S.K.: 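Take this structure, written in structure tokens, and hold onto it; I'll ask about it next.
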Amino acid sequence: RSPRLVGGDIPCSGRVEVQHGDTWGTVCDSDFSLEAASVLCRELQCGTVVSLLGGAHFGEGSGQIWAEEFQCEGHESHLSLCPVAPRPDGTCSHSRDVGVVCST
């Protein structure tokens with residue numbers, strides 16, 4: 001479940017995308033906590049989360065949107081070690097794809 005950030009002006013900010021199989025999915029901003037954010041930033045060697053950004057701030061994505069939520073405790077070294085749960089009833093639009101600004 002490898003992460004990446006895209007559309008930022010520097011590598012440690014952007015829209016969140018996480019790989020599953022040979023495709024990448026975006027993450028709805030109803031579904032991504034500060035602790036999930038912290039694990040992602042750590043995983044990419046970007047320090048820790050400063051901010052979550054909603055409403056397709058770095059632009060909306062296309063394609064798949066993750067159907068499970070990453071229910072991270074906060075100290076996991078990878079998103080793949082985080083517990084997982086279904087997202088609430090329904091699908092999101094890409095207009096609600098989440099982003100982050102990580103900092104050291």
Side-chain angles (χ1 to χ4, degrees):
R1 309 168 161 114
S2 200
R4 75 182 178 193
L5 300 177
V6 298
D9 59 3
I10 46 177
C12 292
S13 61
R15 176 177 61 260
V16 173
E17 307 199 331
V18 192
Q19 185 181 335
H20 44 36
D22 64 7
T23 64
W24 292 78
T26 63
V27 175
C28 190
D29 67 8
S30 286
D31 300 350
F32 200 63
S33 70
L34 278 179
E35 302 284 30
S38 190
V39 169
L40 181 143
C41 293
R42 180 181 306 120
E43 196 177 352
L44 294 177
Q45 300 137 289
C46 285
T48 193
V49 64
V50 180
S51 306
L52 291 156
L53 299 165
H57 182 257
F58 301 101
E60 84 281 7
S62 62
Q64 300 260 72
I65 298 167
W66 277 80
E68 301 84 15
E69 310 191 333
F70 299 101
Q71 299 193 317
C72 301
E73 187 274 339
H75 291 93
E76 296 88 337
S77 48
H78 300 86
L79 286 177
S80 57
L81 310 180
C82 293
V84 123
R87 79 166 311 279
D89 189 45
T91 307
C92 288
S93 162
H94 283 106
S95 63
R96 301 167 61 205
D97 290 334
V98 78
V100 299
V101 167
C102 304
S103 191
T104 332

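Note: hydrogens, waters and symmetry copies are ignored here, and every other heavy atom, side chains too, is used. If you read the sequence from its start, that first residue is 1, and numbering goes on from there.
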S.K.: Would you compute the distance between atom CG of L40 and atom CG of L79 and round it to the nearest 0.5 angstrom?
M.R.: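 Between atom CG of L40 and atom CG of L79 there are 5.5 Å.
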S.K.: Following the transitive rule for hydrophobic clusters with a side-chain heavy-atom cut-off under 4.5 Å over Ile, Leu, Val, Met, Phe, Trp and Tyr, establish whether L5 and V49 coincide in one cluster.
M.R.: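 Yes, one cluster joins them.
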S.K.: Looking only at non-hydrogen atoms, find the nearest pair between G74 and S38 and report the distance.
M.R.: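 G74 and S38 have their closest heavy atoms at O-OG, 4.1 Å.
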S.K.: So does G21 get a backbone contact from the side chain of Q19, meaning a donor-acceptor N/O pair under 3.5 Å?
M.R.: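 Yes.
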S.K.: Please report the shortest heavy-atom distance between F58 and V101, naming the atom on each side.
M.R.: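 The answer is CZ-CG2, 4.4 Å.
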S.K.: Drop me the distance from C72's SG to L34's CG, to the nearest 0.5 angstrom.
M.R.: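 It is 11.5 Å, given to the nearest 0.5 Å.
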S.K.: Going only through I, L, V, M, F, W and Y residues with side-chain contacts under 4.5 Å, is there a path from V50 to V39?
M.R.: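 No: no chain of side-chain contacts under 4.5 Å links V50 to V39.
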S.K.: Please confirm whether the backbone N or O of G7 pairs with a side-chain atom of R15, one donor and one acceptor, at under 3.5 Å?
M.R.: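 Flag not set: sc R15 to bb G7 has no pair under 3.5 Å.
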S.K.: What distance do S33 atom OG and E73 atom CD have between them, rounded to the nearest 0.5 Å?
M.R.: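 Nearest 0.5 Å value for the OG-CD distance: 10.0 Å.
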S.K.: When you measure from the side chain of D97 to the backbone of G59, do you find a donor-acceptor pair of N or O atoms at a distance under 3.5 Å?
M.R.: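 Not a single qualifying donor-acceptor pair exists.
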S.K.: Out of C46, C12, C41, which one pairs with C102 under the disulfide bond (SG atoms under 2.5 Å apart) rule?
M.R.: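 Passing option: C41.
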S.K.: Are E69 and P88 close enough that some pair of their side-chain heavy atoms sits under 4.5 Å apart?
M.R.: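 Yes, their side chains come closer than 4.5 Å.
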S.K.: Ignoring hydrogens, what is the shortest heavy-atom contact between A36 and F70? Give both atom names and the distance.
M.R.: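 Smallest interatomic distance, heavy atoms only, reads CB-O, 3.6 Å.
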S.K.: Is there a side-chain contact between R96 and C28 (heavy atoms, below 4.5 Å)?
M.R.: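 A side-chain contact under 4.5 Å exists here.
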S.K.: Hey, what do you get for CG (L44) to CZ (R4), rounding to the nearest 0.5 Å?
M.R.: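 One finds 11.0 Å between CG of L44 and CZ of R4.
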S.K.: Please list, chain by chain and in numerical order, all residues satisfying ring-ring contact (aromatic ring centres under 6.0 Å, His included) with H78, sequence neighbours excluded.
M.R.: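 Once residues adjacent in sequence are excluded, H78 has no partner under the ring-ring contact (aromatic ring centres under 6.0 Å, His included) criterion.
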S.K.: If I take atom CD1 from residue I65 and atom OG1 from residue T91, how far apart are they, to the nearest 0.5 angstrom?
M.R.: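 So the CD1 of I65 and the OG1 of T91 are separated by 7.0 Å.
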S.K.: Could you measure the distance from the OG atom of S30 to the CZ atom of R87? Nearest 0.5 Å is fine.
M.R.: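 CZ of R87 is found 6.0 Å from OG of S30.
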S.K.: Please give me the minimum heavy-atom distance between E60 and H94, naming the atom from each residue.
M.R.: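 Minimum heavy-atom contact is CB-O, 3.3 Å.
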S.K.: State, with a plain yes or no, whether a side-chain heavy atom of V18 is found less than 4.5 Å away from one of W66.
M.R.: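 The answer is yes, as the side chains (C-beta and beyond) meet within the 4.5 Å cut-off.
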